[PDB]
Structure formats: C-alpha cells, structure tokens
>>> print(open('work_39.pdb').read())   # PDB, C-alpha atoms
ATOM      1  CA  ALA S   1       0.000   0.000   0.000
ATOM      2  CA  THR S   2       0.906   3.660  -0.360
ATOM      3  CA  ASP S   3      -1.352   3.590   2.837
ATOM      4  CA  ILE S   4       0.211   5.231   5.881
ATOM      5  CA  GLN S   5       0.961   2.560   8.460
ATOM      6  CA  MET S   6       0.396   3.662  12.059
ATOM      7  CA  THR S   7       2.230   1.499  14.523
ATOM      8  CA  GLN S   8       2.137   1.827  18.281
ATOM      9  CA  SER S   9       4.553   0.770  20.989
ATOM     10  CA  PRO S  10       4.180  -0.828  23.349
ATOM     11  CA  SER S  11       1.199  -2.761  22.164
ATOM     12  CA  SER S  12       0.318  -3.795  25.686
ATOM     13  CA  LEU S  13       1.557  -2.534  29.096
ATOM     14  CA  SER S  14       0.812  -2.786  32.847
ATOM     15  CA  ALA S  15       1.492   0.064  35.228
ATOM     16  CA  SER S  16       0.352   1.287  38.669
ATOM     17  CA  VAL S  17      -1.600   4.325  39.916
ATOM     18  CA  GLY S  18       0.639   7.395  40.053
ATOM     19  CA  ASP S  19       2.955   6.095  37.332
ATOM     20  CA  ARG S  20       3.901   8.364  34.528
ATOM     21  CA  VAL S  21       3.086   6.341  31.428
ATOM     22  CA  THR S  22       4.371   7.208  27.965
ATOM     23  CA  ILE S  23       3.317   5.366  24.835
ATOM     24  CA  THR S  24       4.436   5.939  21.248
ATOM     25  CA  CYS S  25       3.017   6.036  17.751
ATOM     26  CA  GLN S  26       4.846   5.964  14.455
ATOM     27  CA  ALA S  27       3.611   6.975  10.982
ATOM     28  CA  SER S  28       5.324   5.248   8.025
ATOM     29  CA  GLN S  29       5.205   8.522   6.103
ATOM     30  CA  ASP S  30       5.256  12.163   7.194
ATOM     31  CA  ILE S  31       1.759  13.180   8.469
ATOM     32  CA  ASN S  32       2.867  16.629   9.627
ATOM     33  CA  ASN S  33       0.811  17.579  12.680
ATOM     34  CA  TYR S  34      -2.404  15.701  11.890
ATOM     35  CA  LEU S  35      -2.731  13.034  14.617
ATOM     36  CA  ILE S  36      -5.528  12.115  17.073
ATOM     37  CA  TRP S  37      -5.157  10.067  20.231
ATOM     38  CA  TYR S  38      -8.324   8.441  21.421
ATOM     39  CA  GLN S  39      -9.184   6.171  24.299
ATOM     40  CA  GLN S  40     -11.407   3.114  23.784
ATOM     41  CA  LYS S  41     -12.735   1.436  26.811
ATOM     42  CA  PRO S  42     -14.785  -1.655  25.841
ATOM     43  CA  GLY S  43     -18.271  -1.281  24.413
ATOM     44  CA  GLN S  44     -17.980   2.497  24.500
ATOM     45  CA  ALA S  45     -17.437   5.615  22.476
ATOM     46  CA  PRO S  46     -13.820   6.536  21.794
ATOM     47  CA  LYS S  47     -12.839   9.809  23.526
ATOM     48  CA  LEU S  48     -10.910  12.174  21.283
ATOM     49  CA  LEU S  49      -8.171  13.340  23.738
ATOM     50  CA  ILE S  50      -5.550  15.002  21.562
ATOM     51  CA  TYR S  51      -5.750  16.484  18.067
ATOM     52  CA  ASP S  52      -3.173  18.255  15.844
ATOM     53  CA  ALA S  53      -0.601  16.117  17.758
ATOM     54  CA  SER S  54      -0.336  18.455  20.820
ATOM     55  CA  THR S  55      -3.870  19.999  21.310
ATOM     56  CA  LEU S  56      -5.893  18.711  24.289
ATOM     57  CA  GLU S  57      -9.596  18.522  23.596
ATOM     58  CA  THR S  58     -12.098  20.350  25.776
ATOM     59  CA  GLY S  59     -12.846  18.800  29.162
ATOM     60  CA  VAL S  60      -9.781  16.542  28.945
ATOM     61  CA  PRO S  61      -7.508  16.289  31.988
ATOM     62  CA  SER S  62      -4.216  18.267  31.752
ATOM     63  CA  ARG S  63      -2.412  15.067  32.805
ATOM     64  CA  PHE S  64      -2.801  13.870  29.178
ATOM     65  CA  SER S  65      -0.502  15.349  26.543
ATOM     66  CA  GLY S  66       0.641  14.495  23.068
ATOM     67  CA  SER S  67       3.667  15.671  21.238
ATOM     68  CA  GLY S  68       5.627  15.145  18.095
ATOM     69  CA  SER S  69       5.344  16.018  14.443
ATOM     70  CA  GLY S  70       6.259  14.196  11.256
ATOM     71  CA  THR S  71       6.629  10.533  12.010
ATOM     72  CA  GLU S  72       7.244  10.219  15.782
ATOM     73  CA  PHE S  73       4.464  10.929  18.209
ATOM     74  CA  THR S  74       4.096  10.385  21.894
ATOM     75  CA  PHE S  75       1.293  10.300  24.400
ATOM     76  CA  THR S  76       2.109  10.841  28.046
ATOM     77  CA  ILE S  77      -0.213  10.316  30.989
ATOM     78  CA  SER S  78       1.687  12.391  33.628
ATOM     79  CA  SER S  79       0.168  10.563  36.637
ATOM     80  CA  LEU S  80      -2.037   7.448  36.186
ATOM     81  CA  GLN S  81      -5.517   7.245  37.736
ATOM     82  CA  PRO S  82      -7.622   4.056  37.473
ATOM     83  CA  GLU S  83     -10.241   5.694  35.131
ATOM     84  CA  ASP S  84      -7.291   5.578  32.768
ATOM     85  CA  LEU S  85      -7.672   1.812  32.125
ATOM     86  CA  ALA S  86      -8.037   1.960  28.313
ATOM     87  CA  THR S  87      -6.691   0.850  24.940
ATOM     88  CA  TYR S  88      -5.175   4.053  23.532
ATOM     89  CA  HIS S  89      -5.270   4.279  19.735
ATOM     90  CA  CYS S  90      -3.680   6.766  17.396
ATOM     91  CA  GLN S  91      -5.403   8.023  14.226
ATOM     92  CA  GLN S  92      -3.910  10.031  11.343
ATOM     93  CA  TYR S  93      -6.030  12.348   9.201
ATOM     94  CA  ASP S  94      -3.374  13.979   7.017
ATOM     95  CA  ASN S  95      -3.831  11.726   3.968
ATOM     96  CA  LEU S  96      -6.514   9.345   2.770
ATOM     97  CA  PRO S  97      -7.231   6.712   3.714
ATOM     98  CA  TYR S  98      -7.314   7.719   7.359
ATOM     99  CA  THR S  99      -5.444   4.940   9.090
ATOM    100  CA  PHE S 100      -5.157   4.264  12.792
ATOM    101  CA  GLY S 101      -3.037   2.172  15.180
ATOM    102  CA  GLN S 102      -3.892  -1.270  16.606
ATOM    103  CA  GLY S 103      -3.684   0.297  20.057
ATOM    104  CA  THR S 104      -1.715   0.209  23.284
ATOM    105  CA  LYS S 105      -3.694  -1.862  25.840
ATOM    106  CA  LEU S 106      -2.975  -0.196  29.209
ATOM    107  CA  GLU S 107      -3.859  -2.454  32.161
ATOM    108  CA  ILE S 108      -3.374  -2.284  35.961
ATOM    109  CA  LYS S 109      -1.586  -4.117  38.820
TER     110      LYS S 109
ATOM    111  CA  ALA C   1     -15.264  -4.965  17.129
ATOM    112  CA  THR C   2     -17.726  -1.986  17.549
ATOM    113  CA  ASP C   3     -15.721  -0.214  14.753
ATOM    114  CA  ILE C   4     -17.760   0.885  11.783
ATOM    115  CA  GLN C   5     -17.469  -1.685   8.973
ATOM    116  CA  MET C   6     -17.425  -0.128   5.562
ATOM    117  CA  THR C   7     -18.417  -2.515   2.830
ATOM    118  CA  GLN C   8     -18.228  -2.048  -0.959
ATOM    119  CA  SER C   9     -19.933  -3.669  -3.885
ATOM    120  CA  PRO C  10     -19.000  -4.780  -6.449
ATOM    121  CA  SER C  11     -15.470  -5.400  -5.329
ATOM    122  CA  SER C  12     -14.249  -5.208  -8.971
ATOM    123  CA  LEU C  13     -15.840  -4.612 -12.268
ATOM    124  CA  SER C  14     -15.102  -4.228 -15.984
ATOM    125  CA  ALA C  15     -16.919  -1.698 -18.047
ATOM    126  CA  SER C  16     -16.505  -0.030 -21.445
ATOM    127  CA  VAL C  17     -15.583   3.529 -22.145
ATOM    128  CA  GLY C  18     -18.772   5.596 -22.279
ATOM    129  CA  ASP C  19     -20.629   3.386 -19.812
ATOM    130  CA  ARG C  20     -22.451   4.647 -16.790
ATOM    131  CA  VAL C  21     -20.880   2.936 -13.707
ATOM    132  CA  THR C  22     -22.602   2.820 -10.253
ATOM    133  CA  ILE C  23     -20.897   1.351  -7.178
ATOM    134  CA  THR C  24     -22.197   1.159  -3.624
ATOM    135  CA  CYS C  25     -20.888   1.546  -0.073
ATOM    136  CA  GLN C  26     -22.581   0.315   3.089
ATOM    137  CA  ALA C  27     -21.831   1.417   6.631
ATOM    138  CA  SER C  28     -22.512  -1.012   9.489
ATOM    139  CA  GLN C  29     -23.915   1.938  11.516
ATOM    140  CA  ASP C  30     -25.498   5.250  10.586
ATOM    141  CA  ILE C  31     -22.747   7.797   9.710
ATOM    142  CA  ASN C  32     -24.913  10.705   8.492
ATOM    143  CA  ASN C  33     -23.367  12.363   5.493
ATOM    144  CA  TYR C  34     -19.807  11.940   6.789
ATOM    145  CA  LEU C  35     -18.562   9.919   3.915
ATOM    146  CA  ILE C  36     -15.717  10.491   1.435
ATOM    147  CA  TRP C  37     -15.084   8.764  -1.879
ATOM    148  CA  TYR C  38     -11.514   8.723  -3.123
ATOM    149  CA  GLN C  39      -9.594   7.339  -6.126
ATOM    150  CA  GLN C  40      -6.445   5.264  -5.933
ATOM    151  CA  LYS C  41      -4.208   4.636  -8.838
ATOM    152  CA  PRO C  42      -1.197   2.389  -8.289
ATOM    153  CA  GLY C  43       1.969   4.346  -7.452
ATOM    154  CA  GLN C  44       0.088   7.549  -6.787
ATOM    155  CA  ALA C  45      -1.299   9.376  -3.805
ATOM    156  CA  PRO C  46      -5.084   8.970  -3.280
ATOM    157  CA  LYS C  47      -7.195  11.717  -4.762
ATOM    158  CA  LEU C  48     -10.244  12.893  -2.813
ATOM    159  CA  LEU C  49     -13.248  12.959  -5.128
ATOM    160  CA  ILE C  50     -16.343  13.544  -3.006
ATOM    161  CA  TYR C  51     -16.897  14.591   0.533
ATOM    162  CA  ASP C  52     -19.907  14.946   2.778
ATOM    163  CA  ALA C  53     -21.466  12.121   0.707
ATOM    164  CA  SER C  54     -22.166  14.370  -2.295
ATOM    165  CA  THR C  55     -19.995  17.475  -2.414
ATOM    166  CA  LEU C  56     -17.552  17.262  -5.327
ATOM    167  CA  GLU C  57     -14.085  18.483  -4.438
ATOM    168  CA  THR C  58     -12.506  21.242  -6.599
ATOM    169  CA  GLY C  59     -10.689  20.092  -9.753
ATOM    170  CA  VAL C  60     -12.414  16.691  -9.670
ATOM    171  CA  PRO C  61     -14.091  15.588 -12.949
ATOM    172  CA  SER C  62     -17.794  16.501 -12.974
ATOM    173  CA  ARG C  63     -18.717  13.041 -14.287
ATOM    174  CA  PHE C  64     -18.099  11.780 -10.743
ATOM    175  CA  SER C  65     -20.872  11.984  -8.226
ATOM    176  CA  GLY C  66     -21.959  10.734  -4.847
ATOM    177  CA  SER C  67     -25.260  10.103  -3.158
ATOM    178  CA  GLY C  68     -26.848   8.554  -0.116
ATOM    179  CA  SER C  69     -27.150   9.261   3.591
ATOM    180  CA  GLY C  70     -27.038   7.121   6.689
ATOM    181  CA  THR C  71     -25.852   3.600   5.832
ATOM    182  CA  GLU C  72     -26.184   3.169   2.017
ATOM    183  CA  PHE C  73     -24.121   5.281  -0.294
ATOM    184  CA  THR C  74     -23.592   5.287  -4.025
ATOM    185  CA  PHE C  75     -20.831   6.572  -6.391
ATOM    186  CA  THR C  76     -21.470   7.089 -10.110
ATOM    187  CA  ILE C  77     -19.342   7.769 -13.158
ATOM    188  CA  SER C  78     -21.800   9.159 -15.677
ATOM    189  CA  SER C  79     -19.611   8.268 -18.630
ATOM    190  CA  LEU C  80     -16.505   6.055 -18.178
ATOM    191  CA  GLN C  81     -13.132   7.313 -19.500
ATOM    192  CA  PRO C  82     -10.023   5.161 -19.830
ATOM    193  CA  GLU C  83      -8.130   7.167 -17.262
ATOM    194  CA  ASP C  84     -10.776   6.182 -14.655
ATOM    195  CA  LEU C  85      -9.082   2.820 -14.325
ATOM    196  CA  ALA C  86      -8.483   2.875 -10.596
ATOM    197  CA  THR C  87      -9.864   1.561  -7.304
ATOM    198  CA  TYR C  88     -12.591   3.655  -5.653
ATOM    199  CA  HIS C  89     -12.836   3.649  -1.929
ATOM    200  CA  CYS C  90     -15.248   5.039   0.601
ATOM    201  CA  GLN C  91     -14.190   6.475   3.924
ATOM    202  CA  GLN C  92     -16.207   7.445   6.946
ATOM    203  CA  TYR C  93     -15.232  10.169   9.385
ATOM    204  CA  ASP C  94     -18.314  10.337  11.653
ATOM    205  CA  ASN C  95     -16.816   8.267  14.470
ATOM    206  CA  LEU C  96     -13.395   7.112  15.575
ATOM    207  CA  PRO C  97     -11.677   5.099  14.351
ATOM    208  CA  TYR C  98     -12.179   6.463  10.819
ATOM    209  CA  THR C  99     -12.651   3.281   8.811
ATOM    210  CA  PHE C 100     -12.757   2.751   5.019
ATOM    211  CA  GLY C 101     -13.738   0.207   2.411
ATOM    212  CA  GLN C 102     -11.493  -2.242   0.616
ATOM    213  CA  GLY C 103     -12.411  -0.511  -2.661
ATOM    214  CA  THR C 104     -14.053  -1.222  -6.032
ATOM    215  CA  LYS C 105     -11.365  -2.009  -8.616
ATOM    216  CA  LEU C 106     -12.625  -0.723 -11.944
ATOM    217  CA  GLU C 107     -11.050  -2.135 -15.122
ATOM    218  CA  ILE C 108     -11.696  -1.158 -18.714
ATOM    219  CA  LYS C 109     -12.741  -3.985 -20.998
TER     220      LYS C 109
END
>>> encode(input="work_39.pdb", output="structure tokens")
Amino acid sequence: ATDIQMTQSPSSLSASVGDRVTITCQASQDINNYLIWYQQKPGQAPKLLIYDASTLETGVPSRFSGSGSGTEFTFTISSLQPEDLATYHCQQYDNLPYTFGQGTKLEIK
Amino acid sequence: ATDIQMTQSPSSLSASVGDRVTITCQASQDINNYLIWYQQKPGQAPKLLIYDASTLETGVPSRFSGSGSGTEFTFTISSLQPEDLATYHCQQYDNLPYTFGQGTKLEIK
C-alpha cells in the first residue's frame, strides 16, 4: 500500500496508579501535525483526547498530553488514575485513507 | 469490534468507455453524510473525489458523483473514460476510528 501505516509501541503494558506512562506512535510517512489520540474502553465511544498532535480537547484532563510532528508521536499520561484503564489508539487524518493504530492496551496491577 | 465496517460492492468490475458505472458503499452503523469517496491509482497518492457524501471536491471531474445518507451510499461515473481505471474507496469520518472500504477495482474492458 501507499497507505500510511500507524504502529504503536508498546502494544500492551501494565502500570500502577501514580505512574507516569508514555506510549508511542509511528507513521510510516510524514503526516505533519495531523494526529488524534483516542481512548477506547470496551463497548464504549472513543474519547478524542488530543488532536493536531499536541492539542488537548475540551474537558480533557491536563495530565494527558501528546507531542511530536512528522513521524514520531508520543502520548504521556503524567500521573495514572484508574479511570485511565483503556486501549489508547492513534489516528492520522493527514492523507486518505485515514489509518489508525492497533492500540496500546494499558492495564493495571 | 464496535468499529464501523465499511463494505463495498461490487469489489471489482469491468466496463466499457462511455458506460455509466454505479458502485455502492454500506456502513454497518449510521454515519450521516460523513462519507468520502476517493480514487487510488497504483503508485500515486489517493485523490479525494467527493466529501460529505455528495460534495464534489474542486478540480475533480464533474462526471463523478456521490449520493446517499445514513448507511447506504452510491458513487457514479456518468460516462466512463479510460483514465478512470483505478480503485474507488469510501471512507467514513463520523466516528473514531475512521474506517474505510477495501475498494471497487474498476477495469476497462
């Protein structure tokens, strides 16, 4: 494919409450600044958390943060709360088709 | 797998130059009018054709059109030209993750 491949690392991860957790996302091609991070908990609507790589959405805790441009992006949770148990997916929207990562499954204990 | 499944039919097709061609896209859930059609030729970047189900993007041949709302969408080439040999894909952007169809590969007979 000339399709942009979004790959996330780690794919799975356990941490404890209070931990800073950082996960990563990699675009196979340059997607400039056009990257979403969303949170899927099971049977449930994805919550758009970051857009344009670095921009928090409204009513989104300041403990979440994205950064990066080009091909390397990063999602930090600065201090982990339990309501953070979620698969975190990345999604590019720079170039069709709009591909997304297989997720980082963030579990606890 | 509560992701929106985008389904296309036919998956390929051969038609003659001058023919009217109509291809369909089905969403597994209602996605309003938040549907793109795009064209993929091998080697080349995808070219957005239609957005919001029916709005034709600037510089796109007028013989292309889109219709439908909700779950059943349709794309039409009013009169087939040889350079329309490509695969035509639909893409939803109503809900994360933004999922897309495996395409209709159109050949010229």
>>> residues_around(input="work_39.pdb", residues="range 70-78 of chain C", least_positions_apart="3", cutoff="7 Å", atoms="only C-alpha atoms", output="NGL selection string")
:C and (20-33 or 63-67)
>>> calpha_fit_and_write(input="work_39.pdb", fixed="chain S", moving="chain C", output="tab-separated table (two decimals) with C-alpha atoms, in the coordinates of the input")
chain	number	residue	atom	x	y	z
C	1	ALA	CA	-0.20	-0.76	-0.01
C	2	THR	CA	0.86	2.97	-0.20
C	3	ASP	CA	-1.56	3.59	2.76
C	4	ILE	CA	0.01	5.18	5.79
C	5	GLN	CA	0.88	2.51	8.37
C	6	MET	CA	0.37	3.66	11.90
C	7	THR	CA	2.35	1.67	14.41
C	8	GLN	CA	2.16	1.73	18.23
C	9	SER	CA	4.49	0.71	20.98
C	10	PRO	CA	4.18	-0.87	23.45
C	11	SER	CA	1.14	-2.75	22.32
C	12	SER	CA	0.10	-3.34	25.98
C	13	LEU	CA	1.47	-2.40	29.30
C	14	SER	CA	0.81	-2.62	33.04
C	15	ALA	CA	1.56	0.26	35.29
C	16	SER	CA	0.67	1.37	38.83
C	17	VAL	CA	-1.55	4.20	39.84
C	18	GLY	CA	0.57	7.35	40.12
C	19	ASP	CA	3.04	6.25	37.45
C	20	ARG	CA	4.08	8.35	34.53
C	21	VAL	CA	3.18	6.39	31.33
C	22	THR	CA	4.65	7.23	27.86
C	23	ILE	CA	3.53	5.44	24.69
C	24	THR	CA	4.65	6.04	21.12
C	25	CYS	CA	3.14	6.14	17.62
C	26	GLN	CA	5.04	5.93	14.35
C	27	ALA	CA	3.76	6.90	10.92
C	28	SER	CA	5.22	5.16	7.86
C	29	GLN	CA	5.25	8.57	6.08
C	30	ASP	CA	5.44	12.16	7.28
C	31	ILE	CA	1.95	13.33	8.40
C	32	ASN	CA	2.84	16.76	9.84
C	33	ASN	CA	0.90	17.44	12.98
C	34	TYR	CA	-2.26	15.73	11.69
C	35	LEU	CA	-2.48	13.18	14.40
C	36	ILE	CA	-5.21	12.38	16.95
C	37	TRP	CA	-4.96	10.31	20.11
C	38	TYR	CA	-8.17	8.76	21.38
C	39	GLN	CA	-9.25	6.50	24.27
C	40	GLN	CA	-11.33	3.37	23.93
C	41	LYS	CA	-13.01	1.69	26.80
C	42	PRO	CA	-14.90	-1.52	26.09
C	43	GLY	CA	-18.62	-0.93	25.46
C	44	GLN	CA	-18.19	2.80	25.05
C	45	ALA	CA	-17.77	5.25	22.22
C	46	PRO	CA	-14.16	6.42	21.62
C	47	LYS	CA	-13.24	9.66	23.31
C	48	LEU	CA	-10.99	12.09	21.44
C	49	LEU	CA	-8.16	13.17	23.72
C	50	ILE	CA	-5.64	15.09	21.63
C	51	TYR	CA	-5.70	16.54	18.18
C	52	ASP	CA	-3.18	18.22	15.95
C	53	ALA	CA	-0.54	16.10	17.75
C	54	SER	CA	-0.66	18.22	20.93
C	55	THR	CA	-3.87	20.18	21.33
C	56	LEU	CA	-5.90	18.80	24.24
C	57	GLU	CA	-9.60	18.61	23.50
C	58	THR	CA	-12.05	20.34	25.91
C	59	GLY	CA	-13.12	18.33	28.97
C	60	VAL	CA	-10.20	15.91	28.58
C	61	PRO	CA	-8.08	15.33	31.73
C	62	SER	CA	-5.04	17.63	31.79
C	63	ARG	CA	-2.77	14.73	32.80
C	64	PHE	CA	-3.00	13.60	29.16
C	65	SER	CA	-0.64	15.08	26.64
C	66	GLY	CA	0.70	14.62	23.16
C	67	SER	CA	3.91	15.48	21.39
C	68	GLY	CA	5.84	14.92	18.21
C	69	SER	CA	5.68	15.96	14.57
C	70	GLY	CA	6.28	14.19	11.30
C	71	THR	CA	6.62	10.44	11.87
C	72	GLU	CA	7.27	9.89	15.63
C	73	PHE	CA	4.64	10.83	18.13
C	74	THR	CA	4.31	10.34	21.85
C	75	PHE	CA	1.38	10.25	24.35
C	76	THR	CA	1.92	10.70	28.09
C	77	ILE	CA	-0.17	10.24	31.21
C	78	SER	CA	1.65	12.30	33.81
C	79	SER	CA	0.12	10.40	36.70
C	80	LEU	CA	-1.87	7.17	36.10
C	81	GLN	CA	-5.41	6.89	37.56
C	82	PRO	CA	-7.40	3.66	37.73
C	83	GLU	CA	-10.04	4.93	35.37
C	84	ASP	CA	-7.33	5.28	32.66
C	85	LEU	CA	-7.58	1.56	32.06
C	86	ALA	CA	-8.31	1.65	28.35
C	87	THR	CA	-6.67	1.24	24.95
C	88	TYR	CA	-5.06	4.36	23.45
C	89	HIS	CA	-5.00	4.73	19.74
C	90	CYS	CA	-3.45	7.15	17.31
C	91	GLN	CA	-5.13	8.29	14.14
C	92	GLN	CA	-3.79	10.20	11.19
C	93	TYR	CA	-5.87	12.49	9.00
C	94	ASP	CA	-3.21	14.04	6.73
C	95	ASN	CA	-3.89	11.76	3.76
C	96	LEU	CA	-6.62	9.43	2.59
C	97	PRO	CA	-7.35	6.81	3.66
C	98	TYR	CA	-7.27	8.00	7.29
C	99	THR	CA	-5.49	5.12	9.01
C	100	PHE	CA	-5.02	4.40	12.74
C	101	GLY	CA	-3.00	2.26	15.11
C	102	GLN	CA	-4.02	-1.00	16.71
C	103	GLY	CA	-3.72	0.70	20.12
C	104	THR	CA	-1.78	0.45	23.40
C	105	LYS	CA	-3.82	-1.53	25.93
C	106	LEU	CA	-3.03	-0.10	29.34
C	107	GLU	CA	-3.78	-2.25	32.40
C	108	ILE	CA	-3.41	-1.37	36.06
C	109	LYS	CA	-1.24	-3.71	38.08
>>> resolve_selection(input="work_39.pdb", expression="the PyMOL selection byres ((chain C) within 12 of (chain S))", output="MDAnalysis selection string")
chainID C and resid 1:4 35:49 51 88:103
>>> atom_distance(input="work_39.pdb", atom1="CA of residue 17 in chain C", atom2="CA of residue 104 in chain C")
16.9 Å
>>> atom_distance(input="work_39.pdb", atom1="CA of residue 34 in chain S", atom2="CA of residue 53 in chain S")
6.2 Å
>>> atom_distance(input="work_39.pdb", atom1="CA of residue 82 in chain S", atom2="CA of residue 9 in chain S")
20.8 Å
